[PDB]
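*Asks:* Those protein sequences? They're chains A and B, same order as listed. Converting from the first sequence to the numbering used here requires adding 18 to each position, the first position being numbered 1. Converting from the second sequence to the numbering used here requires adding 217 to each position, the first position being numbered 1. Each residue gets a CB set at the ideal place from its N, CA and C atoms; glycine is no exception. Mind looking over this structure? Questions follow.
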Amino acid sequence: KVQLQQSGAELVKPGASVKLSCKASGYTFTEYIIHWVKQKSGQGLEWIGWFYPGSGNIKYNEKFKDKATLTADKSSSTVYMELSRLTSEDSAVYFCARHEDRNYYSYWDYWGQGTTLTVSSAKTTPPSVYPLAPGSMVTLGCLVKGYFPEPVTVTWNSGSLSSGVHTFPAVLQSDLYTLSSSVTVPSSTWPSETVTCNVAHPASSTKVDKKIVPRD
Amino acid sequence: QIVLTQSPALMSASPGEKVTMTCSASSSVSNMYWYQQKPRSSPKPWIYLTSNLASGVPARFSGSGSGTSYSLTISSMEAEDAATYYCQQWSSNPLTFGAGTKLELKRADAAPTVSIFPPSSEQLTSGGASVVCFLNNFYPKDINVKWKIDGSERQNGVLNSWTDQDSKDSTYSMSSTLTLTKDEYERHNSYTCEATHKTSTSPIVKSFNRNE
């Protein structure tokens with residue numbers, strides 16, 4: 019089956035370079051053209067350029083002419099995009115897309131997920147996880163404050179509580195991210211049984227479990 | 218290079234209703250291509266070659282245009298149709314997109330379930346105090362949060378966040394945070410979360426006291 023797989027999220031200091039990769043598999047590499055698209059979080063899509071393996075033909079969106087370099091390995095069926103002299107407005111989610119070489123009656127039929135590049139001088143910071151207990155249907159939650167790199171992972175009881183959960187998008191309080199999550203469960207369920215929100219901030223490799231306890 | 222201008226980005230439609238999005242172009246174009254994108258997910262191809270309908274798409278969708286004004290039409294709206302739809306051009310260089318129109322499910326207006334939370338004993342021990350206030354499951358999206366401590370409006374230090382529309386019941390939810398110093402919090406007594414929504418003729422209040 020056709021699958022395009024891209025490198026994981028990145029965090030680089032301004033000025034340095036980054037090499038984003040798009041790995042193809044399940045189809046002949048030298049028959050389709052790989053496009054690259056940038057989507058600044060929130061805003062709309064923007065094209066950067068295409069690359070055709072085989073001929074090695076490139077054609078940059080002429081805005082990103084000095085920003086981006088398109089190369090390819092071909093032995094691993096992998097297209098590369100390097101961005102150099104990074105600044106704050108390069109922080110965006112970057113897609114790769116596939117299109118047939120000689121068609122016209124085709125479209126960008128397969129995409130390869132996002133890669134969220136973050137350009138900042140902020141230091142990588144683990145999160146502080148605080149439980150939130152109240153004081154017929156009982157709402158709980160935990161607060162995840164004071165982390166930077168992004169993203170984080172919040173489950174409840176290792177994923178045993180799925181429905182009735184609301185994990186909210188992060189925001190920058192100063193120059194650190196803050197996130198909140200909630201779970202609502204029957205009064206018969208809690209505090210008579212354990213409730214433990216599970217947080218994971220992979221950029222610092224932390225993995226935290228906080229039991230929600232009623233107050234005194 | 219052509220600039221692609223889309224119709225109302227915030228569009229609301231209930232199931233059954235017929236929807237129409239339009240993509241306007243600065244210069245004439247041969248064909249138009251539409252894409253769909255879900256909450257932080259890879260955009261998939263929806264309609265290509267102006268009106269061909271890509272692979273995966275129900276026939277309730279339809280493309281049209283053939284000029285400088287193109288359009289995407291849903292004959293019968295369904296719940297799995299809430300998303301943001303982009304229009305792409307292939308004719309000139311460079312390749313450009315529209316800004317996107319975010320389609321939304323219009324349903325019966327629901328009022329929020331409000332919950333307020335005092336700071337944890339952990340946060341105080343590290344010298345910090347955050348009063349969280351959850352507003353879960355409501356429609357429509359528009360809502361204002363008003364904080365009150367000792368019966369007066371705390372203007373700054375507020376922090377809002379919204380989840381997107383629920384795939385099940387199509388409602389929204391909102392987390393409001395209020396971060397104080399451990400010392401400033403251990404001074405006032407009543408902490409009120411006053412929420413204003415279009416459903417109710419009065420704000421929904423949830424408050425608590427430190428002396429508990």
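Please check if any C-beta of chain A sits within less than 7 Å of the C-beta of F355(B).
*Replies:* No, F355(B) does not count as interfacial toward chain A.
*Asks:* Please check if any C-beta of chain D sits within less than 7 Å of the C-beta of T157(A).
*Replies:* In the structure shown, chain D cannot be found, because the protein chains are A and B.
*Asks:* Could you tell me which chain A residues have their CB closer than 7 Å to the CB of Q340(B), listed as they occur along the chain?
*Replies:* Under the 7 Å cutoff, chain A gives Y148.
*Asks:* Are the CB atoms of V226(A) and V217(A) nearer to each other than 7 Å?
*Replies:* Contact: yes.
*Asks:* Assuming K229(A) contacts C160(A) under a Cβ cut-off of 8 Å, what Cβ separation, rounded to an integer in Å, is found between them?
*Replies:* That belief does not hold up - the Cβ atoms of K229(A) and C160(A) are roughly 10 Å apart, past 8 Å.
*Asks:* Which same chain residues, not among the five before or five after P152(A), have their C-beta less than 8 Å away from its C-beta?
*Replies:* Counting only Cβ-Cβ distances below 8 Å, and skipping sequence neighbours, we find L158.
*Asks:* Quick check for students: name the residue ranges of the beta strand (DSSP E) that lie wholly in the region 250-316 of chain B, counting only runs of 3 or more.
*Replies:* As far as the region 250-316 of chain B is concerned, its whole beta strand (DSSP E) runs of at least 3 residues are 261-264, 278-281, 286-291 and 301-306.
*Asks:* Please confirm if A299(B) has its CB atom under 7 Å from at least one CB of chain A.
*Replies:* Not one chain A Cβ lies under 7 Å of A299(B).
*Asks:* Quick check: what's the CA-CA separation for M99(A) versus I76(A)?
*Replies:* C-alpha separation (whole angstroms): 12 Å.
*Asks:* Report buried or exposed for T46(A), applying the criterion of at least 16 other Cβ atoms within 10 angstroms of its Cβ.
*Replies:* Exposed, by the Cβ-count rule.
*Asks:* Which of the three DSSP states is assigned to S338(B) in this structure?
*Replies:* DSSP places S338(B) in helix when its eight states are reduced to three.
*Asks:* Compile a chain-ordered list of the residues in the region 385-396 of chain B whose CB is closer than 7 Å to at least one CB of chain A.
*Replies:* Taking 7 Å as the Cβ-Cβ cut-off against chain A, the residues of the region 385-396 of chain B that qualify are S390, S392, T394 and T396.
*Asks:* Using the beta-carbon of each residue, which ones in chain A are nearer than 9 Å to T416(B)?
*Replies:* Per Cβ cutoff of 9 Å: no residues; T416(B) is ~19 Å from chain A at best.
*Asks:* Which residues in the same chain as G72(A) place their Cβ atom closer than 7 Å to its Cβ, once the five residues preceding and following it in sequence are excluded?
*Replies:* If we look at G72(A) and ignore the five residues flanking it on each side, its Cβ neighbours are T48.
*Asks:* Count the other CB atoms within 10 Å of the CB of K163(A); is the residue buried (16 or more) or exposed (fewer)?
*Replies:* Buried is the call here.
*Asks:* Please list, in chain order, the residues of the region 198-211 of chain A that have any C-beta partner in chain B closer than 8 Å.
*Replies:* Here the close residues are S198, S200 and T202.
*Asks:* Taking the C-alpha atoms as reference points, what is the distance between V201(A) and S332(B)?
*Replies:* About 11 Å.
*Asks:* Closer than 7 Å by C-beta to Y50(A): which residues in its own chain qualify, once you throw out the five before and the five after it? Chain order, please.
*Replies:* Taken in chain order, the residues that qualify are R116, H117, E118 and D119.
*Asks:* For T48(A), name the three-state secondary structure that DSSP assigns.
*Replies:* It is helical.
*Asks:* Rounded to the nearest angstrom, how far is the Cβ of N373(B) from that of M391(B), given a contact under 8 Å?
*Replies:* So it is not a contact: roughly 19 Å between Cβ atoms.
*Asks:* Nearest to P232(A) by alpha carbon, out of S222(A), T207(A) and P220(A)?
*Replies:* Comparing Cα-Cα distances from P232(A) to each of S222(A), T207(A) and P220(A), the minimum goes to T207(A).
*Asks:* I need the DSSP call for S106(A), collapsed to helix, strand or coil.
*Replies:* If DSSP states are grouped into helix, strand and coil, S106(A) belongs with the helices.
*Asks:* Ignore the nearest five residues each way along the sequence and tell me which others in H184(A)'s own chain have a CB closer than 6 Å to its CB.
*Replies:* Within the same chain, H184(A) has close Cβ partners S200.
*Asks:* Using alpha carbons as the reference points, say which of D127(A), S178(A) and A110(A) lies closest to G60(A).
*Replies:* Residue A110(A) is the option with its Cα nearest to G60(A).
*Asks:* Would the beta-carbon of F69(A) fall within 7 Å of that of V97(A)?
*Replies:* Yes, the Cβ-Cβ distance between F69(A) and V97(A) is below 7 Å.
*Asks:* Between the region 267-275 of chain B and the region 318-328 of chain B, are three or more C-beta pairs nearer than 8 Å?
*Replies:* Result no; under three Cβ-Cβ pairs closer than 8 Å.
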